[PDB]
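Numbering-wise (the entry's author numbering), the sequence shown opens with residue 44 and increments by one.
Every residue, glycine too, gets a C-beta built ideally from N, C-alpha and C.
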Amino acid sequence: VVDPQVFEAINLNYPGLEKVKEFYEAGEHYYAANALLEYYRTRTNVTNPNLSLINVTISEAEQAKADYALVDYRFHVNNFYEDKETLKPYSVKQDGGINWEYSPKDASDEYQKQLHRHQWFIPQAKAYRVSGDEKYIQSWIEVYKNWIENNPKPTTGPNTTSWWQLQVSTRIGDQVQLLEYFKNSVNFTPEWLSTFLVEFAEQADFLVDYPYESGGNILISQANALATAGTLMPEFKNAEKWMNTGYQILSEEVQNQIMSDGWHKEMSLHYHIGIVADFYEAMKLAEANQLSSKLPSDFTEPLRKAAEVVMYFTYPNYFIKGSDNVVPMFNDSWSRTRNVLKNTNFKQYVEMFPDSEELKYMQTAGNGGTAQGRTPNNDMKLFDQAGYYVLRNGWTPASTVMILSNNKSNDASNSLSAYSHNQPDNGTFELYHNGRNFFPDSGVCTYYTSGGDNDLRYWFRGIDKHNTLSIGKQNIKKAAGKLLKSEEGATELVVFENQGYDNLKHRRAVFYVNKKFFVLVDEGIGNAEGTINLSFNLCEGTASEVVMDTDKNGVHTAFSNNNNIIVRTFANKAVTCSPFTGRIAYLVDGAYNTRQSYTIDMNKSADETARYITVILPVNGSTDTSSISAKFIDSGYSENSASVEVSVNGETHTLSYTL
């Protein structure tokens with residue numbers, strides 16, 4: 044039957060709804076709903092820049108999602124598969140019906156959260172458009188009806204699954220498209236339209252009622268969904284409220300959540316890219332619908348340095364073809380493809396900033412493309428709000444790029460607890476050199492599990508699974524990174540510190556010697572007593588490709604392509620080299636590969652400062668004859684200076700700084 048609430052939700056006075064209003068007022072609910080269907084079938088009043096219905100295509104992966112949903116309710120959920128090889132989702136079927144509370148045995152909270160995003164609906168819509176097969180719309184209608192009936196909105200605010208703001212906002216963005224994909228089907232009945240529209244208004248009203256209380260990315264996603272609902276479905280009585288609330292929150296949050304160095308406050312590259320996308324897409328949405336006045340004239344200004352962040356966080360192997368990862372994976376952030384960076388991220392940045400020759404180069408040179416524009420120079424790039432420092436000798440695949448992390452808690456990232464997107468990893472770094480990332484971050488592997496097993500979650504968060512200094516491999520308790528000094532020149536220098544523990548501060552100085560190799564001078568400062576661990580987590584390889592030189596307090600690589608490194612650590616006290624098996628996860632799917640790691644251990648007494656010198660030397664070919672030594676040449680630790688001497692292949696370097 045036609046749900047009479049459709050006539051309460053919709054403004055029957057909206058231009059174009061004259062036949063709907065006439066039928067409704069004469070008590071002809073069916074013919075009114077039918078007129079409303081014809082209205083949606085023929086309207087030309089709105090434009091969604093995110094959807095094109097000219098020449099719709101479907102990928103193999105999307106086709107699998109569309110088809111799996113048709114048998115045993117195998118509903119696609121990102122990162123969760125019964126059989127990954129065949130992209131087979133878990134079945135949510137129980138006792139012949141749909142169990143909306145289903146979760147596989149080892150699953151984090153992300154299974155339930157994403158199941159309620161209905162991630163197979165858009166694939167079914169595309170499958171419908173491509174095939175013309177009505178089974179796809181019939182499935183959507185049947186399953187979405189079942190969802191509606193069995194997942195009532197809470198009356199008090201969000202829950203953590205079906206009615207968590209990010210689930211609701213995701214559904215809204217999909218549903219504005221699902222209407223356009225499916226509306227011409229004979230199975231898209233006036234009765235169905237009434238239910239679809241009533242439940243759409245339910246989603247959007249909910250988002251107005253409950254602005255996400257902890258801000259961050261979820262609030263931005265919510266605001267974008269509200270702008271989308273209000274702009275693209277203006278026929279609803281509450282649409283103006285949806286749109287105005289959305290654009291208002293976006294105008295506020297583009298200022299609130301992007302720091303003065305261009306970084307999103309949550310300090311995750313992934314979420315940074317995501318919030319910039321939400322802002323960009325709301326701007327394009329407003330522009331396409333004569334609503335640019337809903338946003339400030341300077342709306343995109345914070346996005347300029349934000350796009351520059353992405354440029355500096357893309358490694359040079361992005362410029363060639365390949366299937367490997369091309370970004371750092373610091374904090375809750377993971378792998379990213381060339382195609383996503385090239386044809387989504389940099390595509391949007393170029394569109395926003397058409398005069399940037401640097402972003403043009405990023406977009407065009409990506410994936411072995413024909414380069415237009417040009418890169419920045421090779422100067423160090425310091426992000427002193429998020430705490431990231433980027434050193435490089437170029438932008439070419441043959442170049443070297445070190446990114447150091449030294450993050451700093453803020454109002455949107457106030458915790459280092461297991462559920463935080465910020466890891467307790469101050470001082471850690473990655474190192475790209477001549478096509479190989481020699482120190483890729485351990486990554487995420489899994490999100491948090493309520494009441495559950497968080498072993499894997501904790502494992503990947505561990506400080507010693509990063510490349511830094513810790514005491515007793517215990518996670519630091521405070522992220523308050525401070526940049527102390529930077530110097531340009533033949534040898535570049537960055538010195539920074541973090542008071543990670545109340546009685547032990549880590550100061551790390553990195554000399555980029557002749558912009559060729561690295562010397563790290565690490566100091567554990569304070570009255571803490573115990574074992575200090577300087578940790579290193581190397582690139583993947585066979586046991587023969589990454590080889591511990593335990594007798595020499597370091598490691599070397601022996602890759603057949605001759606692109607190698609050798610690493611050696613020296614110290615102010617006796618040390619022990621302690622290999623361990625590390626791990627790296629590229630996706631948030633619970634999987635990982637092992638890789639070689641180690642710590643350099645020393646006993647620190649209360650009245651001592653732990654001091655290490657580490658040399659990281661890229662070598663073309665065999666590392667067998669590379670010769671490294673180092674020592675302190677000052678009298679010991681002091682607040683205001685440090686001085687070391689390093690010898691590499693018969694050349695001696697004196698490396699000193701004063702604050």
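Do residue j and residue i count as a contact pair if the criterion is CB distance below 8 Å?
| i | j | result |
| --- | --- | --- |
| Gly273 | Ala266 | no |
| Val562 | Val433 | no |
| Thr511 | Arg500 | no |
| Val251 | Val49 | no |
| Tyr82 | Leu60 | yes |
| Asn477 | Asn606 | yes |
| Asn449 | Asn469 | yes |
| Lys308 | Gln300 | yes |
| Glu572 | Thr652 | no |
| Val687 | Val564 | yes |
| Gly486 | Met372 | yes |
| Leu269 | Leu338 | no |
| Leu384 | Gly409 | yes |
| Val173 | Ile261 | no |
| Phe243 | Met286 | no |
| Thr612 | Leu577 | yes |
| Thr624 | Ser640 | yes |
| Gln220 | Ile165 | yes |
| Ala522 | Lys451 | yes |
| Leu130 | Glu223 | no |
| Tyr154 | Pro201 | no |
| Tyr133 | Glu144 | no |
I need the boundaries of the beta strand (DSSP E) containing residue i, first residue and last residue.
| i | result |
| --- | --- |
| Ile514 | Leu512 to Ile514 |
| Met591 | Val589 to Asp592 |
| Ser686 | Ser684 to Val691 |
| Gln542 | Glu535 to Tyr544 |
| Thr407 | Run containing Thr407: none in the beta strand (DSSP E); it sits in the alpha helix (DSSP H), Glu400 to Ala408. |
| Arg551 | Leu547 to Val556 |
| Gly573 | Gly573 to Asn580 |
| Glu694 | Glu694 to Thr701 |
| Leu474 | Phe472 to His476 |
| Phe503 | Segment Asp498 to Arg504 is the alpha helix (DSSP H) holding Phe503; no beta strand (DSSP E) there. |
What's the call for residue i, buried or exposed, on a 16-neighbour Cβ count within 10 Å?
| i | result |
| --- | --- |
| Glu295 | exposed |
| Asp115 | exposed |
| residue 41 | Shown here, the chain extends from 44 to 702; a query on residue 41 therefore has no answer. |
| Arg86 | exposed |
| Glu185 | exposed |
| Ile676 | exposed |
| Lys559 | exposed |
| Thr619 | exposed |
| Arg654 | buried |
| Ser587 | exposed |
| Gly664 | exposed |
| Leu527 | exposed |
| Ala69 | exposed |
| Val44 | exposed |
| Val229 | exposed |
| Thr666 | buried |
| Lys364 | exposed |
| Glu344 | exposed |
| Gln137 | exposed |
| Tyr462 | exposed |
| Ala617 | exposed |
| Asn580 | buried |
| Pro483 | buried |
Taking the alpha helix (DSSP H) that residue i belongs to, which residues open and close that run?
| i | result |
| --- | --- |
| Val173 | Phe164 to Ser174 |
| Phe239 | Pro233 to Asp252 |
| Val297 | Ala282 to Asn299 |
| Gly317 | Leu312 to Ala331 |
| residue 26 | Here the chain has residues from 44 to 702 only, and residue 26 is not among them. |
| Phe362 | No alpha helix (DSSP H) contains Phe362, which DSSP labels as neither H nor E. |
| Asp565 | Taken as a continuous stretch (DSSP letters only), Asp565 belongs to no alpha helix (DSSP H), being part of the beta strand (DSSP E) at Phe560 to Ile568. |
| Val219 | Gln208 to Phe225 |
Would you say residue i faces chain C, with C-beta separation under 8 Å as the test?
| i | result |
| --- | --- |
| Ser621 | The chain inventory of the structure shown lacks chain C, comprising one protein chain alone. |
- Query: Hey, which unbroken runs of the alpha helix (DSSP H) at 4 residues or more fall wholly within the region 62 to 141?
  - Reply: Taking only runs of at least 4 residues, the alpha helix (DSSP H) segments lying wholly in the region 62 to 141 are 72 to 85 and 103 to 111.
- Item | beta strand (DSSP E) runs contained entirely in the region 596 to 629, provided each spans 3 or more residues | As far as the region 596 to 629 is concerned, its whole beta strand (DSSP E) runs of at least 3 residues are 597 to 600, 606 to 614 and 619 to 627.
- Query: Where are the beta strand (DSSP E) runs, 3 residues long or more, that stay fully inside the region 643 to 688, in chain order?
  - Reply: The region 643 to 688 contains, as complete beta strand (DSSP E) runs of 3+ residues, the segments 653 to 663 and 671 to 675 (chain order).
- Message: Is it the case that the region 346 to 364 contacts the region 394 to 411, given that we only count it when at least three CB pairs across the two stretches are under 8 Å?
- Response: A contact exists between the region 394 to 411 and the region 346 to 364.
- Message: I'd like to know if the region 435 to 445 and the region 318 to 334 are in contact, where contact means that at least 3 CB-CB pairs between them fall below 8 Å.
- Response: When Cβ pairs closer than 8 Å are counted between the two stretches, the region 435 to 445 is seen not to touch the region 318 to 334, the count staying below three.
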